[PDB]
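Participant: Here you go, one structure.
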Amino acid sequence: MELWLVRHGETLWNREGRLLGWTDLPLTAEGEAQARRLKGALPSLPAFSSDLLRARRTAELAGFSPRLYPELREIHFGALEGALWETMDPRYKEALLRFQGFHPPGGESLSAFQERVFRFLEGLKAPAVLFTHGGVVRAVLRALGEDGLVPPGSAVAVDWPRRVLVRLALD
């Protein structure tokens, strides 16, 4: 199934290097600019989006009117929300890097996050554009045997659940 996953544009915590999960931050000026550049670069297919502001705004600026789905939310970092990546506990950084055995207090476990994301994707019966987050795109890429690191305001098209089709980044 052809699915286009879009990482929302940047927020202040991107440059600041703080873990951004369910904290509802707005896009930055550049973040909106990235969103606008996506217009005309994404196929006109039914659209879905995380209900968080930065994702919704990205969708709008990109010219879409997406179905809202909390299932497309970034992982809930719980007590780690807002934590500086640079100062995070080695055990936590390791779990995140290896993408496994990660369950922050007051948050969501990576396994529950994956289950939520993949269950949602499984329900899509036709091609669509999905406005979402870095961790969601990385869970998908990693499940497809690839590096799940993509720039804010960039997109990846995949043939779920078989392979990555193309990675799209703009300047």
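Identifiers in this document derive from the order of the structure tokens: chains are assigned A, B, ..., residues are numbered from 1 separately in each chain, and ligands are numbered from 1 in order of occurrence.
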Applying 10 Å and only C-alpha atoms, which residues near region 51-60 of chain A remain after dropping the ones on its own chain fewer than 4 positions away? List them as a PDB file with C-alpha atoms, in the first residue's frame.
Facilitator:
ATOM      1  CA  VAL A   6       5.497  13.413   6.281  1.00  0.00           C
ATOM      2  CA  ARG A   7       7.559  14.620   9.226  1.00  0.00           C
ATOM      3  CA  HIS A   8       6.057  17.911  10.415  1.00  0.00           C
ATOM      4  CA  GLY A   9       8.068  21.106  10.101  1.00  0.00           C
ATOM      5  CA  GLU A  10      10.444  22.214  12.850  1.00  0.00           C
ATOM      6  CA  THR A  11       9.468  23.634  16.237  1.00  0.00           C
ATOM      7  CA  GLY A  21       6.462  13.983  22.263  1.00  0.00           C
ATOM      8  CA  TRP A  22       2.959  14.997  23.262  1.00  0.00           C
ATOM      9  CA  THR A  23       4.014  18.506  24.327  1.00  0.00           C
ATOM     10  CA  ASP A  24       1.938  20.584  21.916  1.00  0.00           C
ATOM     11  CA  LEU A  25       4.414  23.083  20.436  1.00  0.00           C
ATOM     12  CA  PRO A  26       3.768  25.290  17.379  1.00  0.00           C
ATOM     13  CA  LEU A  27       5.878  25.376  14.230  1.00  0.00           C
ATOM     14  CA  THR A  28       8.552  28.056  13.937  1.00  0.00           C
ATOM     15  CA  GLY A  31       8.754  25.334  10.187  1.00  0.00           C
ATOM     16  CA  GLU A  32       5.835  26.882   8.326  1.00  0.00           C
ATOM     17  CA  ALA A  33       8.077  27.642   5.360  1.00  0.00           C
ATOM     18  CA  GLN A  34       9.027  23.962   5.144  1.00  0.00           C
ATOM     19  CA  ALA A  35       5.346  23.071   5.280  1.00  0.00           C
ATOM     20  CA  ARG A  36       4.539  25.387   2.366  1.00  0.00           C
ATOM     21  CA  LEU A  38       5.608  20.539   0.597  1.00  0.00           C
ATOM     22  CA  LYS A  39       2.650  21.878  -1.389  1.00  0.00           C
ATOM     23  CA  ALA A  47      -4.873  12.659   4.002  1.00  0.00           C
ATOM     24  CA  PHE A  64      -4.495  19.248   2.834  1.00  0.00           C
ATOM     25  CA  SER A  65      -7.588  18.697   5.027  1.00  0.00           C
ATOM     26  CA  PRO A  66      -6.539  15.580   6.896  1.00  0.00           C
ATOM     27  CA  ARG A  67      -8.477  13.133   9.015  1.00  0.00           C
ATOM     28  CA  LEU A  68      -7.320  13.605  12.597  1.00  0.00           C
ATOM     29  CA  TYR A  69      -5.967  10.476  14.299  1.00  0.00           C
ATOM     30  CA  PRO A  70      -4.176  10.493  17.714  1.00  0.00           C
ATOM     31  CA  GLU A  71      -2.714   7.161  16.620  1.00  0.00           C
ATOM     32  CA  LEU A  72      -0.323   9.164  14.419  1.00  0.00           C
ATOM     33  CA  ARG A  73       1.090  11.046  17.444  1.00  0.00           C
ATOM     34  CA  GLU A  74       4.801  10.942  18.267  1.00  0.00           C
ATOM     35  CA  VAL A 129      -0.653  10.919   2.824  1.00  0.00           C
ATOM     36  CA  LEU A 130       0.075  10.826   6.560  1.00  0.00           C
ATOM     37  CA  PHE A 131       1.187  13.969   8.402  1.00  0.00           C
ATOM     38  CA  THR A 132       3.054  12.745  11.444  1.00  0.00           C
ATOM     39  CA  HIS A 133       6.263  12.750  13.517  1.00  0.00           C
ATOM     40  CA  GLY A 153       9.290  18.920   6.741  1.00  0.00           C
TER      41      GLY A 153
END
Participant: Please return, as a PyMOL selection string, all residues of region 15-169 of chain A that DSSP assigns to helix (DSSP H, G or I) on the basis of the backbone.
Facilitator: chain A and resi 15-16+29-38+53-61+70-72+78-80+85-87+90-97+110-123+134-143
Participant: I'd like the neighbourhood of region 145-150 of chain A as a VMD selection string, where a residue qualifies if any of its atoms comes within 10 Å (using only C-alpha atoms), though same-chain residues fewer than 4 positions away should be ignored.
Facilitator: chain A and resid 6 to 7 133 to 141 154 to 156 162 to 164 167 to 169
Participant: Take the residues that were just selected and, keeping N, CA and C atoms, output them as a PDB file, in the first residue's frame.
Facilitator:
ATOM      1  N   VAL A   6       4.872  12.105   6.249  1.00  0.00           N
ATOM      2  CA  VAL A   6       5.497  13.413   6.281  1.00  0.00           C
ATOM      3  C   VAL A   6       5.880  13.813   7.695  1.00  0.00           C
ATOM      4  N   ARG A   7       7.145  14.168   7.903  1.00  0.00           N
ATOM      5  CA  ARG A   7       7.559  14.620   9.226  1.00  0.00           C
ATOM      6  C   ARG A   7       7.203  16.106   9.272  1.00  0.00           C
ATOM      7  N   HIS A 133       5.037  12.383  12.803  1.00  0.00           N
ATOM      8  CA  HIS A 133       6.263  12.750  13.517  1.00  0.00           C
ATOM      9  C   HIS A 133       7.499  11.893  13.239  1.00  0.00           C
ATOM     10  N   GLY A 134       8.663  12.412  13.634  1.00  0.00           N
ATOM     11  CA  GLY A 134       9.925  11.718  13.422  1.00  0.00           C
ATOM     12  C   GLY A 134       9.965  10.286  13.918  1.00  0.00           C
ATOM     13  N   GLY A 135       9.469  10.066  15.128  1.00  0.00           N
ATOM     14  CA  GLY A 135       9.478   8.729  15.686  1.00  0.00           C
ATOM     15  C   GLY A 135       8.569   7.778  14.935  1.00  0.00           C
ATOM     16  N   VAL A 136       7.491   8.304  14.365  1.00  0.00           N
ATOM     17  CA  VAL A 136       6.571   7.458  13.613  1.00  0.00           C
ATOM     18  C   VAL A 136       7.279   7.064  12.318  1.00  0.00           C
ATOM     19  N   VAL A 137       7.847   8.045  11.628  1.00  0.00           N
ATOM     20  CA  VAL A 137       8.556   7.747  10.384  1.00  0.00           C
ATOM     21  C   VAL A 137       9.707   6.787  10.681  1.00  0.00           C
ATOM     22  N   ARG A 138      10.394   7.005  11.800  1.00  0.00           N
ATOM     23  CA  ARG A 138      11.515   6.110  12.067  1.00  0.00           C
ATOM     24  C   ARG A 138      11.041   4.693  12.403  1.00  0.00           C
ATOM     25  N   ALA A 139       9.934   4.527  13.120  1.00  0.00           N
ATOM     26  CA  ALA A 139       9.413   3.190  13.396  1.00  0.00           C
ATOM     27  C   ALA A 139       9.109   2.464  12.081  1.00  0.00           C
ATOM     28  N   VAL A 140       8.530   3.192  11.132  1.00  0.00           N
ATOM     29  CA  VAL A 140       8.192   2.613   9.841  1.00  0.00           C
ATOM     30  C   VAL A 140       9.460   2.264   9.059  1.00  0.00           C
ATOM     31  N   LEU A 141      10.393   3.204   8.969  1.00  0.00           N
ATOM     32  CA  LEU A 141      11.642   2.949   8.251  1.00  0.00           C
ATOM     33  C   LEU A 141      12.380   1.762   8.851  1.00  0.00           C
ATOM     34  N   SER A 154      10.162  16.892   5.735  1.00  0.00           N
ATOM     35  CA  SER A 154      10.547  16.020   4.631  1.00  0.00           C
ATOM     36  C   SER A 154       9.557  14.865   4.618  1.00  0.00           C
ATOM     37  N   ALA A 155       9.566  14.075   3.553  1.00  0.00           N
ATOM     38  CA  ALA A 155       8.645  12.960   3.480  1.00  0.00           C
ATOM     39  C   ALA A 155       9.302  11.693   2.959  1.00  0.00           C
ATOM     40  N   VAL A 156       8.639  10.568   3.204  1.00  0.00           N
ATOM     41  CA  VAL A 156       9.106   9.271   2.740  1.00  0.00           C
ATOM     42  C   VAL A 156       7.894   8.511   2.213  1.00  0.00           C
ATOM     43  N   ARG A 162       6.187  -3.461   2.829  1.00  0.00           N
ATOM     44  CA  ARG A 162       7.245  -4.201   2.130  1.00  0.00           C
ATOM     45  C   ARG A 162       8.561  -3.408   1.975  1.00  0.00           C
ATOM     46  N   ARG A 163       8.491  -2.171   1.497  1.00  0.00           N
ATOM     47  CA  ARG A 163       9.714  -1.416   1.235  1.00  0.00           C
ATOM     48  C   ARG A 163       9.541   0.088   1.127  1.00  0.00           C
ATOM     49  N   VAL A 164      10.662   0.794   1.232  1.00  0.00           N
ATOM     50  CA  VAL A 164      10.674   2.239   1.098  1.00  0.00           C
ATOM     51  C   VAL A 164      10.735   2.506  -0.395  1.00  0.00           C
ATOM     52  N   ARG A 167      12.619   8.907  -0.618  1.00  0.00           N
ATOM     53  CA  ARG A 167      12.766   9.867   0.472  1.00  0.00           C
ATOM     54  C   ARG A 167      12.848  11.215  -0.206  1.00  0.00           C
ATOM     55  N   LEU A 168      12.025  12.146   0.252  1.00  0.00           N
ATOM     56  CA  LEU A 168      11.969  13.472  -0.340  1.00  0.00           C
ATOM     57  C   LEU A 168      12.294  14.575   0.651  1.00  0.00           C
ATOM     58  N   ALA A 169      13.339  15.329   0.338  1.00  0.00           N
ATOM     59  CA  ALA A 169      13.778  16.448   1.161  1.00  0.00           C
ATOM     60  C   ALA A 169      13.881  17.662   0.247  1.00  0.00           C
TER      61      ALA A 169
END
Participant: Please return as an MDAnalysis selection string: the residues of region 8-140 of chain A that backbone DSSP assigns to strand (DSSP E).
Facilitator: chainID A and resid 47:49 67:68 128:132
Participant: Using N, CA, C and O atoms, can you export the residues from the last selection as a PDB file, in the first residue's frame?
Facilitator:
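Output (part_7.pdb):
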ATOM      1  N   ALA A  47      -5.878  12.340   2.994  1.00  0.00           N
ATOM      2  CA  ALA A  47      -4.873  12.659   4.002  1.00  0.00           C
ATOM      3  C   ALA A  47      -5.306  12.403   5.441  1.00  0.00           C
ATOM      4  O   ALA A  47      -6.480  12.530   5.790  1.00  0.00           O
ATOM      5  N   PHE A  48      -4.335  12.033   6.270  1.00  0.00           N
ATOM      6  CA  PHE A  48      -4.556  11.759   7.684  1.00  0.00           C
ATOM      7  C   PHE A  48      -3.464  12.502   8.435  1.00  0.00           C
ATOM      8  O   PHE A  48      -2.399  12.779   7.880  1.00  0.00           O
ATOM      9  N   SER A  49      -3.716  12.831   9.695  1.00  0.00           N
ATOM     10  CA  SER A  49      -2.717  13.573  10.440  1.00  0.00           C
ATOM     11  C   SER A  49      -2.802  13.363  11.932  1.00  0.00           C
ATOM     12  O   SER A  49      -3.860  13.040  12.481  1.00  0.00           O
ATOM     13  N   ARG A  67      -7.808  13.787   7.906  1.00  0.00           N
ATOM     14  CA  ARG A  67      -8.477  13.133   9.015  1.00  0.00           C
ATOM     15  C   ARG A  67      -7.585  13.131  10.247  1.00  0.00           C
ATOM     16  O   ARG A  67      -6.421  12.755  10.203  1.00  0.00           O
ATOM     17  N   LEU A  68      -8.125  13.607  11.383  1.00  0.00           N
ATOM     18  CA  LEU A  68      -7.320  13.605  12.597  1.00  0.00           C
ATOM     19  C   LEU A  68      -7.337  12.233  13.277  1.00  0.00           C
ATOM     20  O   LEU A  68      -8.373  11.599  13.454  1.00  0.00           O
ATOM     21  N   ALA A 128      -2.585   6.916   0.753  1.00  0.00           N
ATOM     22  CA  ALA A 128      -2.861   8.119   1.520  1.00  0.00           C
ATOM     23  C   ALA A 128      -1.589   8.835   1.940  1.00  0.00           C
ATOM     24  O   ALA A 128      -0.496   8.268   1.889  1.00  0.00           O
ATOM     25  N   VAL A 129      -1.753  10.094   2.340  1.00  0.00           N
ATOM     26  CA  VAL A 129      -0.653  10.919   2.824  1.00  0.00           C
ATOM     27  C   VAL A 129      -0.873  11.012   4.332  1.00  0.00           C
ATOM     28  O   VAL A 129      -1.995  11.277   4.781  1.00  0.00           O
ATOM     29  N   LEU A 130       0.189  10.801   5.107  1.00  0.00           N
ATOM     30  CA  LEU A 130       0.075  10.826   6.560  1.00  0.00           C
ATOM     31  C   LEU A 130       0.986  11.882   7.186  1.00  0.00           C
ATOM     32  O   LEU A 130       2.205  11.760   7.137  1.00  0.00           O
ATOM     33  N   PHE A 131       0.395  12.926   7.761  1.00  0.00           N
ATOM     34  CA  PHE A 131       1.187  13.969   8.402  1.00  0.00           C
ATOM     35  C   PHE A 131       1.447  13.502   9.825  1.00  0.00           C
ATOM     36  O   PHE A 131       0.528  13.338  10.619  1.00  0.00           O
ATOM     37  N   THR A 132       2.718  13.301  10.147  1.00  0.00           N
ATOM     38  CA  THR A 132       3.054  12.745  11.444  1.00  0.00           C
ATOM     39  C   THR A 132       4.375  13.244  12.033  1.00  0.00           C
ATOM     40  O   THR A 132       4.797  14.378  11.771  1.00  0.00           O
TER      41      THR A 132
END
Participant: Work out how far apart CA of residue 126 (chain A) and CA of residue 46 (chain A) are and give it in Å to one decimal.
Facilitator: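 These atoms are spaced 8.5 Å apart.
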Participant: Which residues are close to region 80-85 of chain A, i.e. within 12 Å by only C-alpha atoms, leaving aside same-chain residues fewer than 6 positions away? Reply as a ChimeraX atom specification.
Facilitator: /A:12-25,74,92-94,96-97,102-108
